[PDB]
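Atoms within a ligand are numbered from 1 in the order they appear, just like the ligands themselves. Residue numbers start from 1 in every chain, and the chains themselves are labelled A, B, ... in the order their sequence lines are given, proteins ahead of strands. Note that these values count all heavy atoms, side chains included, but never hydrogens, waters or copies made by symmetry.
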Amino acid sequence: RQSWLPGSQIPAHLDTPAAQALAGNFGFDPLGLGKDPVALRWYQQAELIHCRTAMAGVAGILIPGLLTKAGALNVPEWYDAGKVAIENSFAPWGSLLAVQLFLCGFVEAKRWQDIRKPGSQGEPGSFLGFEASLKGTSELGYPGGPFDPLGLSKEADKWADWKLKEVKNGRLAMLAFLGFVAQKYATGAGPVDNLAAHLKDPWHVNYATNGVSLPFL
Amino acid sequence: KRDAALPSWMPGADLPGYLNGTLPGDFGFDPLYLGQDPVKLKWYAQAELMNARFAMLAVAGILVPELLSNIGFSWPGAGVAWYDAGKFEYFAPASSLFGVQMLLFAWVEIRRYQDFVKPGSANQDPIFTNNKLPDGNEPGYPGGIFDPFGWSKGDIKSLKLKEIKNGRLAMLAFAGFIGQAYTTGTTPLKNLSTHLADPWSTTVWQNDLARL
Amino acid sequence: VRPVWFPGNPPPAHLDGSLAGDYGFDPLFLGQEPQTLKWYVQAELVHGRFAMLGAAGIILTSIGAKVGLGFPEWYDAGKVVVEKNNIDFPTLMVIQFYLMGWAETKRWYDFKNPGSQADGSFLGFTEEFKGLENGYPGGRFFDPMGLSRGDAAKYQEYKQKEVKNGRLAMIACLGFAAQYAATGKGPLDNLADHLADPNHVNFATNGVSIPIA
Amino acid sequence: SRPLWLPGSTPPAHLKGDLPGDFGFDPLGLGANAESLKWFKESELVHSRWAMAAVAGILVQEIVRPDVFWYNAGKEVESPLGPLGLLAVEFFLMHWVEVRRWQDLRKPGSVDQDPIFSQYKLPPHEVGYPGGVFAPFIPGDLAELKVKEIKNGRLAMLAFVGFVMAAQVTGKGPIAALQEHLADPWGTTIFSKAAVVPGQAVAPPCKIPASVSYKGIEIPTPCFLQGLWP
Ligand code: CHL
Ligand code: CHL
Ligand code: CHL
Ligand code: CLA
Ligand code: CLA
Ligand SMILES: CC(/C=C/C=C(C)/C=C/[C@@]12O[C@]1(C)C[C@@H](O)CC2(C)C)=C\C=C\C=C(C)\C=C\C=C(C)\C=C\[C@@]12O[C@]1(C)C[C@@H](O)CC2(C)C
């Protein structure tokens, strides 16, 4: 029974067989946000969407950042790319965002109705014959079907392992983005530039000496 | 739980049970227990062959061309460092060659993967249906037309062991090329000549301390 | 029966002599509750063990200063080490709390749930963190020589020796602070002065401890 | 029943005379734990065997090569192999030898086989006393020889420590220091060059230089615990 803190008392609601079926369950819930079984089902979906969104976004800040330093690309800092892109753009940011909310809202709305009634989007005739493939799988938050082109979710032996990798990289990615935001205000430089500075002189270039994080010292 | 009769990377050491000598080069080396899960170890078995076989070709393709140049043999590609072959100008641009490379490799690799997923299912020529590989081949060892000289009909177990030993050494050598080239800044055979010129004062300890 | 801090006074009920260094000294009944007594037993040992390291370190460096080897006084070492070695104090402080925080959190949850740190969670170590008693980790990491796994009679004798040298060290560390505040000199600087003229050089004549003097 | 370090005393329970050189000396009870004694048994032999070779070498160096000070032999010696060339061979060769000896201590009888040559093998033996190739010739009874080995070995371990402190204080070799003692035995004892009493403390000066320049680098050379010298 792996736990975030050995010797601590795991919350009872996280030890139930339903709770232990969740990937990445290390008994971490000190504030008791998941005590209600109905709430935990909703928060699990929130983590998956935050996990997957964070991984896509971090990959879009980090991989372009390294290649930019390597000289294979020329991409501005993630906190400047918004301004640079909108200049040589076919639309203003107001129009671009409004479309984004229609498309994301429509797609998100279908996902929302599946949380309320799992498998309800396979209603015959609701879509133009495509509703059959929108039923999802038996596990909420793992749609599969058209979202799994290579069919990696059809191997029962590897299923639990895959879900653990996703949540682990997802949680790490979520913290990475929080680090990008905190390191922009703290240091006023890019993520890869901050890493370069730390590696040069680790013992003098860190948050303990940035003059922000520890105001008392 | 591993028997003591089998060769051991560290004599007198307990070794994992799942490394029971079935695979070639099974010396029980797995301090991190990476291959504990049989499904994963099934994948890692093929990855070692693929990384090894390419490494053997790559190392052969980095030493022999340089060895010929020193001997004086003259060809237009002579005198080009293994890490400068990319910059060299050929009959076609690098991009066009790269595009052809992926299209050709996409066919063969997916063909190889299909056998791994379902062994024996990719042993037939799509066009000339008469052609076919022997039905007894296992993943990673196609045989048939891939073994024209019939060497696999002899002591196969010894040959598999010899392949993986040479392959593992080749993989280490290539990592040496990257480390040495990135540090020394010269070709591999040049480093060997420097070491032979003065073996005692040319260790990596001497070389790296001087830099920092 | 057993000796007590105040001869003639019966020892408290909650102090039965089982613990090491028990002289029935608890005038304020701070450890009357059995569970709170476990917490303080370990608090005393940690305080005592640190004081022994502190006292030995202060004494040794003071000998280096008097002999002229160039060591600074214990009350100036911190400033000298940082400046001479060019160390960022806030970074050194943070590193200390990561290492102390990890090590000392493990000791915290072993007290709450004994044996919990020996479940193999930490790098697979399953027996070096099990613990022998309250405040006595044991094991082949904290007790490599196995002096707690040999003779049982002598191990109990050492527990008596550990606590009493720990209490003595704790008093000494208070002496270093009080003497520095009153005198402004190093530990062995005070000792040398006393040996010179013990009658006319002591706390009763420093002009501070006894203001009415 | 057997001679003891302090005649008339009772040896500790965990000491019973089974091991060679077992004279019942263990005031701190470091050998009480069975496993700890097994490890400490190995280290005593290794320490003693190294000391005997080291002590013999220092004496022979002074006789053969009086000019060179064994203390300064580290920097004085010059060889084509260079500083780091010598260290490289020493590290790899010692790493192999020590690991194999270490493995036998953990799991005896597992590293007796010769890796390269199959036919050759080490006969069964006790931990710390390899046989076969290591012991081509035995003058007499092993039991007597083992006692002789440790008693000479224990003396050698003290002898080497004597060289270091004599070298650091007198700044001379072992034989050279002895000749000084014979010249003026009364004025050369450690009592006759150091003394501490209430109010005064006199200690000998460290005669080894504070730092040593060796091929462009500075090697610290501190006297051992010079601050606590008498
Ligand atoms: C096993 C795989 C593999 C490895 C380890 C390398 C390793 C290397 N290639 Mg090579 N390549 C590999 C496969 C391939 N390469 C190429 C085509 C090239 C080219 C065209 C070049 C390299 C170069 C390089 C070096 C990059 C570091 C450097 O000096 O950057 C600094 C880069 C430069 C100074 C080059 C600047 C001009 C260049 C025209 C800009 C564009 C470069 C491309 C983005 C390179 C893309 C390579 C990718 C696909 C592996 C390095 C030695 C470069 C080299 O040899 O530099 C001396 C180089 O120019 N490779 C192809 C296509 C057939 C490959 C296909 O698999
Ligand atoms: C949900 C998040 C989460 C949180 C809040 C914690 C919180 C904690 N865990 Mg952790 N864990 C968490 C998830 C998990 N833990 C574990 C498994 C464990 C174990 C096994 C243990 C802890 C322990 C601890 C405690 C460490 C206290 C301390 O001072 O650390 C100080 C922190 C450090 C020393 C490490 C971080 C240092 C620094 C921030 C990063 C430096 C990185 C550089 C590469 C450094 C390089 C330096 C070199 C080159 C010189 C702390 C309460 C320990 C404890 O106290 O147990 C009782 C403990 O033993 N956790 C797992 C795996 C199942 C988790 C999975 O999500
Ligand atoms: C048993 C080992 C051993 C001992 C007891 C000595 C003892 C001595 N050497 Mg010698 N040496 C030894 C091995 C070696 N020395 C040298 C090279 C030198 C030089 C060049 C010099 C000495 C000097 C000295 C003297 C002063 C030492 C001092 O203050 O160091 C202070 C402490 C240090 C400098 C570092 C201490 C290191 C630590 C104890 C062990 C480190 C372990 C490694 C990290 C592990 C990896 C290595 C492998 C081999 C295990 C002293 C008499 C000096 C002298 O002559 O003074 C008058 C001097 O200049 N030695 C080599 C060749 C590489 C050795 C190889 O084994
Ligand atoms: C295939 C293995 C192999 C071989 C035969 C060599 C050979 C050589 N290397 Mg290279 N090297 C290797 C792997 C290898 N290397 C790897 C994997 C790396 C990456 C870490 C490096 C990184 C490296 C550097 C940075 C330097 C060398 C250098 C050297 C030279 C020896 C002096 C030295 O400092 O060595 C250090 C090398 C090692 C300690 C190798 C350790 C790893 C290998 C796999 C150990 C194999 C041991 C095994 C018993 C087999 C021995 C060889 C076999 C043919 C009998 C010599 C030309 C130096 C040079 O060029 O001097 C002029 C130098 O500066 N090597
Ligand atoms: C712990 C053992 C030890 C160590 C570390 C040293 C170290 C040293 N000795 Mg000393 N020596 C020792 C023992 C030791 N000696 C013993 C036992 C003797 C008596 C036989 C001598 C006799 C001696 C003399 C006469 C001289 C030295 C000298 C030296 C110095 C230079 C060595 C050299 O150039 O070798 C170069 C190496 C060779 C030419 C090849 C040596 C091959 C040997 C014999 C192999 C032995 C293998 C065997 C298994 C070892 C078993 C014992 C071991 C496990 C301890 C150096 C400081 C020289 C000096 O004073 O320099 C200033 C010097 O002239 N030594
Ligand atoms: C979604 C996300 C990030 C998304 C990022 C995106 C899309 C970025 C996009 C872009 O960058 C690109 C690619 C390129 C740029 O040019 C443009 C932008 C547009 C900027 C992060 C979430 C990040 C989310 C984070 C950090 C959440 C952390 C939550 C924590 C720690 C909660 C802890 C606990 O709640 C538990 C679990 C249990 C309780 O009992 C106890 C407590 C402690 C309360």
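- Close approach of ligand 1 to B:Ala94 is summarised as follows: ligand atoms under 4.0 Å from at least one heavy atom of the residue are 20 (C).
- Looking only at atom types and distance, the side chain of D:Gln168 has a donor-acceptor partner in the side chain of D:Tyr71 under 3.5 Å away.
- Only the side chain of D:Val212 comes within 4.0 Å of ligand 3, judged by heavy-atom distances.
- B:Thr187 and B:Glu66 share a side-chain donor-acceptor pair at under 3.5 Å.
- The presence of a protein heavy atom under 4.0 Å from atom 2 (C) of ligand 2 is ruled out.
- Of all protein heavy atoms, the one closest to atom 34 (C) of ligand 2 is C:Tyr98 O, 3.6 Å.
- Within a 4.0 Å radius of atom 6 (C) of ligand 1, the protein has no heavy atom.
- Distances from atom 9 (N) of ligand 3 to the protein include no heavy-atom value under 4.0 Å.
- Put simply, the side chain of A:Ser8 gets close to the backbone of A:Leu5: a donor and an acceptor are under 3.5 Å apart.
- Under 3.5 Å, the side chains of A:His13 and A:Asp29 contain a donor-acceptor pair of N or O atoms.
- For atom 36 (C) of ligand 2, no protein non-hydrogen atom is found at a distance below 4.0 Å.
- Using a 4.0 Å cut-off between heavy atoms, A:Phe26 contacts ligand 2 through its side chain alone, with no backbone atom that close.
- Salt bridge annotation for C:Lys130-C:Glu127: absent, with no cationic side-chain nitrogen under 4.0 angstrom from a carboxylate oxygen.
- Relative ring orientation between B:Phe88 and B:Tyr90 is described as perpendicular, the plane-to-plane angle rising above 60° on a 0-90° scale split at 30° and 60°.
- There is a protein heavy atom closer than 4.0 angstrom to atom 49 (C) of ligand 3.
- Per-atom contact check: atom 55 (O) of ligand 3 touches the protein, criterion being a heavy-atom distance below 4.0 Å.
- Interface of C:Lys106 with ligand 2, defined as ligand atoms under 4.0 Å from a residue heavy atom, comprises 56 (O), 59 (O).
- The pair C:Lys112-C:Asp110 does not meet the salt-bridge criterion, since no charged nitrogen lies less than 4.0 angstrom from a carboxylate oxygen.
- Closest to atom 47 (C) of ligand 3 among all protein heavy atoms lies D:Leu87 CD1, 4.5 Å.
- Within the protein, the number of N/O/S atoms found under 2.8 Å from atom 10 (Mg) of ligand 2 is 1.
- For the pair C:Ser121 and ligand 2, the shortest N or O to N or O distance does not fall below 3.5 Å.
- Using a 4.0 Å cut-off to heavy atoms of C:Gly101, the atoms of ligand 2 that qualify are 28 (C), 29 (O).
- In this structure, A:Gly7 does not count as a contact residue of ligand 2, since none of its heavy atoms falls inside 4.0 Å of the ligand.
- Shown here, atom 28 (C) of ligand 1 is out of close reach of the protein: none of its heavy atoms lies under 4.0 Å off.
- Residue C:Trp39 holds its CH2 atom at 6.0 Å from CZ of C:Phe111, rounded to the nearest 0.5 Å.
- No donor-acceptor pair closer than 3.5 Å links the side chain of A:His204 to the backbone N or O of C:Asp88.
- The option from D:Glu90, D:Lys75, D:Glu76 that lies nearest to atom 66 (O) of ligand 3, judged by heavy atoms, is D:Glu90.
- Rounded to the nearest 0.5 angstrom, D:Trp229 CH2 and D:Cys206 SG are separated by 5.0 Å.
- For ligand 1 and B:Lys87, the ligand atoms under 4.0 Å from any heavy atom of the residue are 55 (O).
- Within the 4.0 Å heavy-atom criterion, neither part of A:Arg171 lies near ligand 2.
- Less than 4.0 angstrom separates atom 52 (C) of ligand 3 from at least one non-hydrogen atom of the protein.
- Within ligand 1, the atoms closer than 4.0 Å to a non-hydrogen atom of B:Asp84 are 57 (C), numbered from 1 in the order shown.
- In this pair, B:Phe177 and B:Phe174 present their aromatic rings perpendicular. The plane angle is above 60°, beyond the 30 to 60° band.
- When hydrogens are left out, the protein atom nearest atom 57 (C) of ligand 3 is D:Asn72 OD1, 3.2 Å; that is the closest non-hydrogen contact.
- Atoms of ligand 3 found under 4.0 Å from any heavy atom of D:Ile219 (numbered from 1 in listed order, with element): 20 (C), 34 (C), 59 (O).
- Atom 26 (C) of ligand 3 has D:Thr221 CG2, 3.9 Å as its closest protein atom, hydrogens excluded (heavy atom only).
- Contact annotation for atom 15 (N) of ligand 1: protein absent (non-hydrogen atoms, distance under 4.0 Å).
- Of the protein's heavy atoms, D:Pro220 O, 3.4 Å lies nearest to atom 31 (C) of ligand 3.
- B:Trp82 places none of its side-chain heavy atoms less than 4.5 Å from the side chain of B:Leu63.
- The environment of D:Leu87 atom CG is dense: over 12 non-hydrogen atoms of other residues, nucleotides or ligands sit within 6.0 angstrom.
- Between B:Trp205 and D:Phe92, the two ring planes are parallel [angle under 30°; tilted spans 30° to 60°].
- Close approach to B:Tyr83 involves these atoms of ligand 1, each under 4.0 Å from a residue heavy atom: 52 (C), 54 (C), 55 (O), 57 (C).
- Heavy-atom neighbours of C:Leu123 CG from other residues, nucleotides or ligands within 6.0 Å: above the threshold of 12.
- Atoms of ligand 2 lying under 4.0 Å from any heavy atom of A:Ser3, numbered from 1 in the order shown and given with element: 16 (C), 17 (C), 63 (C).
- Note that atom 40 (C) of ligand 3 has no protein non-hydrogen atoms nearby, at separations under 4.0 angstrom.
- The option from C:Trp102, A:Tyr207, C:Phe122, A:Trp203 that lies nearest to atom 58 (C) of ligand 2, judged by heavy atoms, is C:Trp102.
- Counting only non-hydrogen atoms, the option in D:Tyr71, D:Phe91, D:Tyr214, D:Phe160 that gets closest to atom 24 (C) of ligand 3 is D:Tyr71.
- Atom-to-atom distance recorded for C:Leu92:CG and A:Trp203:CH2 is 9.5 Å, nearest 0.5 angstrom.
- Atom 43 (C) of ligand 2 is never approached by the protein to below 4.0 angstrom, counting heavy atoms only.
- Considering only heavy atoms from C-beta on, D:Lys207 stays 4.5 Å or farther from D:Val169 through its side chain.
- Ring orientation note: the planes of C:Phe129 and C:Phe141 are nearly perpendicular, at an angle over 60° on the 30°/60° scale.
- Comment: A:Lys163 does not engage A:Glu166 in a salt bridge, judged by the lack of any side-chain N to carboxylate O separation of less than 4.0 angstrom.
- One distance of note links OG of D:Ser211 with CD1 of D:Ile217; it measures 11.5 Å at 0.5 Å rounding.
- One distance of note links CZ of D:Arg65 with CD1 of D:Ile63; it measures 14.5 Å at 0.5 Å rounding.
- Distance check for atom 20 (C) of ligand 1: a protein heavy atom is found below 4.0 Å.
- For the residue pair A:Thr187/A:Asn194, the side-chain donor-acceptor check at 3.5 Å is satisfied.
- Protein non-hydrogen atoms do not reach within 4.0 Å of atom 62 (C) of ligand 2.
- Between the side chains of B:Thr184 and B:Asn191, a donor-acceptor pair is found at a separation under 3.5 Å.
- The single protein non-hydrogen atom nearest to atom 17 (C) of ligand 3 is D:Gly74 CA, 4.2 Å, given as residue, atom name and distance.
- In terms of protein heavy atoms, atom 60 (N) of ligand 1 is closest to B:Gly86 CA, 4.1 Å.
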